[PDB]
Amino acid sequence: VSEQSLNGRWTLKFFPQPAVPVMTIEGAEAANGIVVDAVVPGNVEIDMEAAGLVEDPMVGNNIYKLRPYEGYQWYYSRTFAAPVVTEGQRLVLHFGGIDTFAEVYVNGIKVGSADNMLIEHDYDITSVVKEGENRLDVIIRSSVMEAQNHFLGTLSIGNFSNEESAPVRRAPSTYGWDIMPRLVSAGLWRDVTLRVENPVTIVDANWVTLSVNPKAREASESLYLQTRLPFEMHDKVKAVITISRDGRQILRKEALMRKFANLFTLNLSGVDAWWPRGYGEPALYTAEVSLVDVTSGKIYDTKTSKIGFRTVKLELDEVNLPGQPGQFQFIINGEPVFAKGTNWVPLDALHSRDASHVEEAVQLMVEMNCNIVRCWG
Amino acid sequence: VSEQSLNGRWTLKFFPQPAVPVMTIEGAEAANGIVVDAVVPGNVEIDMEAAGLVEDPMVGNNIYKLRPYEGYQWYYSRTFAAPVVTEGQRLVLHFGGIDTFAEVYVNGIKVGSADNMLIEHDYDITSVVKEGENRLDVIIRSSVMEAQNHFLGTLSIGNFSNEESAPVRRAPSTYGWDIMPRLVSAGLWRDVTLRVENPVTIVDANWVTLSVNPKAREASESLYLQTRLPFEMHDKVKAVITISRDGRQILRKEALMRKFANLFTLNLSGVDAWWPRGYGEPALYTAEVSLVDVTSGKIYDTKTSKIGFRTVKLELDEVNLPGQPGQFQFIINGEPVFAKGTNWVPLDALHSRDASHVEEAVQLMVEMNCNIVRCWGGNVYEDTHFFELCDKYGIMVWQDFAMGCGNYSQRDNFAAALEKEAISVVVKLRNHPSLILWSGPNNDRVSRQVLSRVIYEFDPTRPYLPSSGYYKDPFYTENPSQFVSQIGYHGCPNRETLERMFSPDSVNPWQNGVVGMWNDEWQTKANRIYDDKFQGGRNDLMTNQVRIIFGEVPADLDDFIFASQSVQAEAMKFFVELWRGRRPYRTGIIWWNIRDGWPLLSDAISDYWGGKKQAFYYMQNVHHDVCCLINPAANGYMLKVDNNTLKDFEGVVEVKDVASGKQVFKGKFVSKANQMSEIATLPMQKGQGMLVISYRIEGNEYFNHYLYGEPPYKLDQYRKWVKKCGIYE
């Protein structure tokens, strides 16, 4: 129905982590720490430099001066107006990125516990949200100290990746590499939003290119659609599939929703294939699917994404060193492409600034004419 | 000690499921619904038709009128007197079948949560039962809505099995198939009882045939006995094993119970082996084990079951397509048996009526002389009595695990729910001699790990197989599989069935008299899972087959029924004769199918109401233990005789043309045991016609026929050939 954003100014209170880490709001407020203004999405080091508490780590040996903060806790807090929810609607609190181990409270009620900085986190706060001003509190603990909650196997010690990185789900380069500095950091480094979902909603729209014929401008595309559908809405809701490019509608298919999960296959004509750089055009088509009430015409949900009709196959060599690394070739749309490109390292040691560099960084590959890029583990 | 039954009249309250499903008694009573009388075991649709709330779903398009109830909840409730329990005794509440997701309360205390309609459910209500009147409440929620509690993998969407069937443990055919209608249903479809167990009780009595020597009438049988035994009862209780047959005691062994779990081996003499139909007698022996007090003589528990001394081995081919499907042969008691039988589909879309059809349905296989039956994975697991009849009548059982067409989840939740189901079904059925095989891209955790590990630990005696329009077309006649699952041919049911399941105006198939078009009712009885109005599809399989064999489609209804049934009769007979005549390479044939589970237009040879189609009688004559048949040859036809027994037979076979009466062949034959024998190469006949195969063995006249020539045939002429032949009617 809507997506209210919770980005902006938050309250950040940081303090050294005690022997028993702080998990509750009472302990976080009782702890003796410093309170400064914070920006979400952001990194805690950015908020402290804005407060004049840390020097610029990009200059000289200032990076080492952030060392004590690896054992600090970080208490994000803000208020928010609750969006309007009607009966059957669900209120979801969405985190694009929590770095890392945090307890999330809404109006003093714990709604989740995060432990992976690389994936999104969604919590159903429908039953805990209140009318009017609400409170949202996130209490992050030390990622480095979290490693001492595990016993490492022999093979996990002594590698180039830090031992602290082995038992936790974080970016290994944040602990230090030969190309990226050590800067564990913390904070809400991606968007925080409030989402309202109708009882009839799209759970997943999976687009799959079954086959492609670039010469005949044909393609067979599959849509694996999973939805949330109350049984009173079975046979009363229809799926509206729409393929278009540059405003011109290529296909509009309608089908009655009789199940919650369906597979739709579309045999398309006059459609171009997606090619990497040099081997043709990167033809993209707008693929939209909406759940519409058959009687009232109400649109309950709409999922839109730009897809490309393309097939990928990895032809492995069977003579010259069969099974050894590098003995393969990518087969795109049946053609053996020659890959030329770069390795993708972190865009910023403070990863909340990543999104601000993607445009410039991708444009480097466009000028370089890379047809491939490997996002480094 | 005792087993009090809780079957009978219950109170059923149904209501649409809210956004938050009802899980408690307070919410169930607070919900606004309808209360009617219910029968247990039963289906909720049966109770509502008894209340006059739903029309007969077996007639016309009434099946679609049950659609809203797939999103309903069902509140079973009844009172019961508590049986007398003494100290140490346990009171167990037994459910034979809960369909499906239900919360079970006894005196307002939740005693269990069910989530598998195919296995039993037992709850210890000893600490919650009260003296006097007790209350038992079962709150079932929507099975269809339960699917939306899961995220399906890519390979679970788009298969023939419904997406709603993928994440739940139910019979996949209940959501709709091409042979069974969509009817999710709900309720307590099997027995509900109260069981009292002594502190000394038998947990499991596993009977295993180690070896058998049919000639010397010897067998080595193992008893894996697990018991519940208080340590104060160790060395004070004895196990009394008893093997008997027809009242005569064969062996009585006694042993002091010094442990809770023991293995007993019995070397028996003067005991006959269990054989499938044709290969000998289905010899069954009553095997009883009792735990008796050494001093007081008190019998604490007794487990009795009829077992059969039999060994099963699956010899897999290693030359002709090694590893491909169908390249195997069953080795029963050391002998390579040739399997002939049918696929087992649901006995009823409302599965509480299954038990009422087992006797009649199994008797169809006995008349058909099937020595094997494959229980299809789209169906529920049949109860104990079905296997008892298969044990008694010598019909081997191929058991699929309840898995439908498509790939399933590879995660821990589905594996754990399936492991619990497989362990439960294996322990329950592993003692039946009729059961001979378990059956489940080569990286599927379900078939290559979960199910295989269960068989490895709980049934190491049976093989496990991870298997997940002219009838003379080379598509059929050039099948490379030694063990074939024949697809089956469509056949219009007997006229009486049409007038019973169709509206009077819809008995005739042609809508507005147009030959080529079916009305909306015949399209429904072609299994149209959802009421989407179209024309064509599966129903065209009927008229297409009649057109290939007889040229045109008869406008007259009775002319169409006989024609469509004759096509199915000749086609299915040809398949059985073609595989029996291609031994020893061909090792078995299982065809689709002997009986329908709903009044429908299907490829089965007998309908839900017992109407045997023309194909049933044709198949009967080519299912004999010793059958004289004719196969097509390179330059004519080959008269042959197939032996599915262990004994040799002599006889005389005569081959004659129907119309002309000219004797084509007559001579003596020697049918060597457990093999097919060529008798003579018959010269090719002119044009169309039909031959008569008359053979006598041991003073018994058996009959068969062969339709020669190429289609299309003249329906009136073919009817004249069958009439003059005097084999069928």
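FYI, it's all coordinate maths here, none of it is from the lab. We place every Cβ from the backbone using ideal geometry, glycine too, and count neighbours over all the protein chains shown.
Report yes if some residue within region B:610-620 is part of a loop (DSSP other than H, G, I, E, B), on the phi > 0 side of the Ramachandran plot and not acidic (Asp, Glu); otherwise report no. So far as region B:610-620 goes, yes, one or more of its residues are part of a loop (DSSP other than H, G, I, E, B), on the phi > 0 side of the Ramachandran plot and not acidic (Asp, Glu). Looking at (1) in a strand (DSSP E or B); (2) away from chain B (no Cβ under 14 Å); (3) of a type in the set (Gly, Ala, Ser), find the lone condition where A:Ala216 falls short. Of (1) in a strand (DSSP E or B); (2) away from chain B (no Cβ under 14 Å); (3) of a type in the set (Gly, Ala, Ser), only one is false for A:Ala216: (1).
I need the strands (runs of 3 or more DSSP E) fully contained in region B:641-687, keeping only those with at least 3 residues that are closer than 14 Å to B:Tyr702 by Cα. So that I can check it myself, show each step before the final result.
Working: elements: B:649-657, B:663-671, B:676-682.
Correct list: B:649-657.
Could you tell me whether region A:227-245 includes any residue that is part of a loop (DSSP other than H, G, I, E, B), more than 13 Å from A:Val292 (Cβ to Cβ), away from chain B (no Cβ under 14 Å) and not small (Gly, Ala, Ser)? Looking for residues that are part of a loop (DSSP other than H, G, I, E, B), more than 13 Å from A:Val292 (Cβ to Cβ), away from chain B (no Cβ under 14 Å) and not small (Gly, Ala, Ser), one finds none in region A:227-245, hence no. Screening the candidates B:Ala171, B:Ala166 for the property of being within 14 Å of chain A (Cβ to nearest Cβ) and closer than 30 Å to B:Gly406 by Cα yields one hit, B:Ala166. So is B:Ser481 within 17 Å of the chain's Cα centre (by Cα), surrounded by fewer than 22 Cβ atoms within 10 Å (Cβ to Cβ) and among the small types (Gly, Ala, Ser) or not? So B:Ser481 fails the test.
Looking only at residues in region A:195-224 that are surrounded by 15 or more Cβ atoms within 10 Å (Cβ to Cβ) and basic (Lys, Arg), which one is farthest from B:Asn149 (Cα to Cα)? Within region A:195-224, the match that is farthest from B:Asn149 (Cα to Cα) is A:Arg217. Could you please give the count of residues in region B:333-349 that are in a loop (DSSP other than H, G, I, E, B) and within 22 Å of B:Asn674 (Cβ to Cβ)? Result for region B:333-349: 4. Here B:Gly27 clears all of (1) within 21 Å of B:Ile125 (Cβ to Cβ); (2) out of contact with any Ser or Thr (no Cβ under 8 Å at 6 or more places or on another chain) except the condition numbered (1). Is it the case that some residue within region B:232-240 is aliphatic (A, V, I, L, M) and either under 32 Å from the mean Cα position of the chain (by Cα) or closer than 30 Å to B:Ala81 by Cα (or both)? Scanning region B:232-240 turns up no residue that is aliphatic (A, V, I, L, M) and either under 32 Å from the mean Cα position of the chain (by Cα) or closer than 30 Å to B:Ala81 by Cα (or both).
The numbered conditions (1) in a loop (DSSP other than H, G, I, E, B); (2) in contact with a strand residue (DSSP E or B) (Cβ under 9 Å, 6 or more places away or on another chain); (3) of a type in the set (A, V, I, L, M) are all true for B:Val289 except (1). Of all the numbered requirements in (1) closer than 22 Å to B:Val44 by Cβ; (2) within 14 Å of another protein chain (Cβ to nearest Cβ); (3) β-branched (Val, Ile, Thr), B:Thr100 misses one, and that requirement is (2).
Being aliphatic (A, V, I, L, M) and touching a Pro at 6+ places or on another chain (Cβ under 9 Å) is the filter here; which residues of region B:555-576 pass it? Matches in region B:555-576: B:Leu557, B:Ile561, B:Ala563. Taking region B:124-152 as the range and being surrounded by fewer than 16 Cβ atoms within 10 Å (Cβ to Cβ), within 11 Å of chain A (Cβ to nearest Cβ) and in a loop (DSSP other than H, G, I, E, B) as the test, only B:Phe151 passes. Screening B:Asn343, B:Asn333, B:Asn413, B:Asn320 for residues that are over 20 Å from the mean Cα position of the chain (by Cα) and crowded, with 18+ Cβ neighbours inside 10 Å leaves exactly one candidate, B:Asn333.
Identify the residue in region A:174-206 that is among the β-branched types (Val, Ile, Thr) and assigned to a loop (DSSP other than H, G, I, E, B) and, among all such residues, is farthest from the other protein chains (Cβ to nearest Cβ). Break it down stepwise before answering.
First, the residues of region A:174-206 that are among the β-branched types (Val, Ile, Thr): A:174, A:179, A:184, A:192-193, A:196, A:200-203.
Restricting the remaining residues to those that are assigned to a loop (DSSP other than H, G, I, E, B) gives A:179, A:184, A:200.
Working: A:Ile179: 36, A:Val184: 32, A:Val200: 11 Å.
Among residues in region A:174-206 that are among the β-branched types (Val, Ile, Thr) and assigned to a loop (DSSP other than H, G, I, E, B), the one farthest from the other protein chains (Cβ to nearest Cβ) is A:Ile179.
Out of curiosity, is B:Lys612 closer than 21 Å to B:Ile395 by Cα and of a type in the set (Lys, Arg)? In short, yes. Might you let me know whether region B:60-71 holds any residue that is buried (at least 16 other Cβ atoms within 10 Å of the Cβ), on the phi > 0 side of the Ramachandran plot and more than 14 Å from every other protein chain (Cβ to nearest Cβ)? Looking through region B:60-71, at least one residue is buried (at least 16 other Cβ atoms within 10 Å of the Cβ), on the phi > 0 side of the Ramachandran plot and more than 14 Å from every other protein chain (Cβ to nearest Cβ).
Residues in region A:264-287 that are among the charged types (D, E, K, R) and surrounded by 17 or more Cβ atoms within 10 Å (Cβ to Cβ): A:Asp272, A:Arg277. State which residue is farthest from the chain's Cα centre (by Cα) when the search covers only region B:95-123 and only residues that are of a type in the set (S, T, N, Q) and crowded, with 17+ Cβ neighbours inside 10 Å. Only one residue fits best here, namely B:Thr100. Applying a threshold of 7 Å to beta carbon distances and a minimum spacing of six or more residues, or different chains, the list of pairs starting in region B:322-338 at a residue that is small (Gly, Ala, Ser) and ending at one that is surrounded by 15 or more Cβ atoms within 10 Å (Cβ to Cβ) reads B:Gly326/B:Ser481; B:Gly326/B:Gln482; B:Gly326/B:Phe483; B:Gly326/B:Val484.
Residues checked against (1) surrounded by fewer than 21 Cβ atoms within 10 Å (Cβ to Cβ); (2) within 30 Å of the chain's Cα centre (by Cα):
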{"position": "B:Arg528", "(1), (2)": "no, yes"}
{"position": "B:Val546", "(1), (2)": "no, yes"}
{"position": "B:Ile549", "(1), (2)": "no, no"}
{"position": "B:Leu557", "(1), (2)": "yes, no"}
{"position": "B:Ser564", "(1), (2)": "no, yes"}
{"position": "B:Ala569", "(1), (2)": "no, yes"}
